[PDB]
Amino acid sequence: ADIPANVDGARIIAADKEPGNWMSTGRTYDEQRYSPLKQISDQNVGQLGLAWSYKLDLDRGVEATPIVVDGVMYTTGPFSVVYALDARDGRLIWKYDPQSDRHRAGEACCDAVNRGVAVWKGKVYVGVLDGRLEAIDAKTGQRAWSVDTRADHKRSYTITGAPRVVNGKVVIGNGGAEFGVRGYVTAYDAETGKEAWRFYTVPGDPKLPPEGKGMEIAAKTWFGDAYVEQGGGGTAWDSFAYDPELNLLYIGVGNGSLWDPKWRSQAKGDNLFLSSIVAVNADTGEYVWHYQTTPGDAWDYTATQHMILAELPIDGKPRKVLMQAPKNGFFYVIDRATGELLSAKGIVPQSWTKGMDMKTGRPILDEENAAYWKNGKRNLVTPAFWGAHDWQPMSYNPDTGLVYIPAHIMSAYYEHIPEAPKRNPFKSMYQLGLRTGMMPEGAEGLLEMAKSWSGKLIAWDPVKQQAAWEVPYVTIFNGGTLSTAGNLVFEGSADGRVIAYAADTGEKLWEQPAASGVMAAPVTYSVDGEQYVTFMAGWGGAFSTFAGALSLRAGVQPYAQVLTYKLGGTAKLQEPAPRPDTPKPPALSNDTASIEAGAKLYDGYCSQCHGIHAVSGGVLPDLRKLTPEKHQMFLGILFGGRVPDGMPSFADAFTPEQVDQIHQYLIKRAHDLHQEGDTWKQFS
């Protein structure tokens, strides 16, 4: 047998000769996520059945796109643990736990997720939460090399996305724009992990001369130097695409840090390359072209979203394009060689813009509704921080010419803080520089707000700039898609199931429960001529952690496991045990001032993980259902006693009295829970 995971440039480029394999996160460099396999089709997909499953170690967000090469599957679970499984029956071959430094677990904004690995010449590459990029021997399961990609240990840098390997170089970015960091993309040698090059996405100290054409161009679009301490943002924490013929690596750049443009860049400048699509030479990393989807990004509008390279008929002529549906709500068709904007259309309502100006390729700002930094109001904006589309991958099907997008219809308030926020030294707290996500505390209000949020699979036609068909979901954060030559599109839903639709009409043809929400993109491969289809299930991520209450509309519990199906499968689906009863809360406090003080601390230090207003999404602990014993050791826990479980220490940020204030607030919220509880039952 050949070396396991023996993938190289030519093998990926020639992926169609091996449709039974999935050797790059998006199967191919164009990341179309379209499988030529058709044993399973719109004619028999109804016979599909679970073949095997594997239980992952932690029940938190599962966002991994499995990689399959010659009988072996390489996937991941929470905290970047890498698994190698026999693709035929799910037998565990080896398990590599990089042991992501839990002391830095709170540096992750959106749950301890990982979107998968990459392979190359017998090695598996994984981006570890704590910021390390590591190579793993495909055969032994032992570490080959490891490098700390963090350019500054004082900044909250993390890695959640899947790396891509180009010309023997492992490409990876990082996350952290919610805490305040300067974004960048690094390329390391696949063999030694020796840094090949590094492309920063936003300028640094404006005093120093710009380094590289990219920065000479970007530096002009920023004013003042307050963004240097803030970080600037522009992290490339997710998607990447690559065109061999043009030798261009396509980088998806994220949002600005801080979010507020007035505090970040004197409310002036486009702030390149924030919320932009950037192309650079795969071998040198030098700038070639770019397209900014959201100039002066002020609403957390990243452009790290999935980019698909394809060829389409535009104006009667074949055009090699790049397609993307970033957070701002536009679907872009761009010439992947020159950066020319070929077309742009909203796939969802957008309150921030009055539409695109095709003469310049720049969107017109709707100040009255979105310029919260200039107007005086708290604007309800849509899309909001989770966009019209987030990380969940989309896919392209050449037999229909449609792009299947897991879209969102959500909104939130964006309010400007009058005084210039001052950077905080604590590394585990959001630092957005503005007020957002405000919502009712009462259950009635939350439910009402949740009804304004919804999701939907959009089968978009990039040429017509129109939706061919659409399928609605009760909430957001539904799974990524997968297209196949069998007139099928697969997708997992937030509400708990795995589905198969007819690619051309959207008719639901197959469906099974998944035991938990399915956010990861589905994958398909073959072994001994038999086609398999696998989903990575596990509710979690940013949605169900931060907006705990709203996400309850999904009615699913966390339960991370690999689920793979095949024609005839009869294996049984394992399900999570019932949620335990909630112990009764301790006596409520008469110190409202203390309660109030605690509420403000909680909002700034605990919401991203335990839920806004203490209402958890059920993935991470709900602080209103603490047992009497946990209440007894509340100080010890807050001060590091639970670090091994990802519960950061707050010993460096709070005084004991402050900890007690939060405690009193949580106990008060626990009593509110009691008053309600039925109102909560009607979320699902």
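Sequential numbering from 1, following the sequence displayed.
In this entry, the higher average B-factor at the C-alpha atoms falls on 38-46, of the pair 648-656 and 38-46. Note on 669-677 vs 13-21: mean CA B-factor is higher in 669-677. Of the candidates 77, 401, 141, 231, it is 141 whose Cα B-factor is highest according to the PDB record. Across 297, 367, 130, 111, the greatest Cα temperature factor reported in the deposited entry is at 367. For residue 622, the recorded CA B-factor ranks within the middle third of the chain. Only modelled residues enter the ranking. In the PDB entry, residue 448 places in the highest third of its chain by CA B-factor. Sorting the modelled residues of the chain by their CA temperature factor places residue 30 in the lowest third. Looking at the C-alpha B-factors along this chain, the one for residue 573 belongs to the highest third. The entry lists a Cα temperature factor for residue 255 that places it in the lowest third of the chain's modelled residues.
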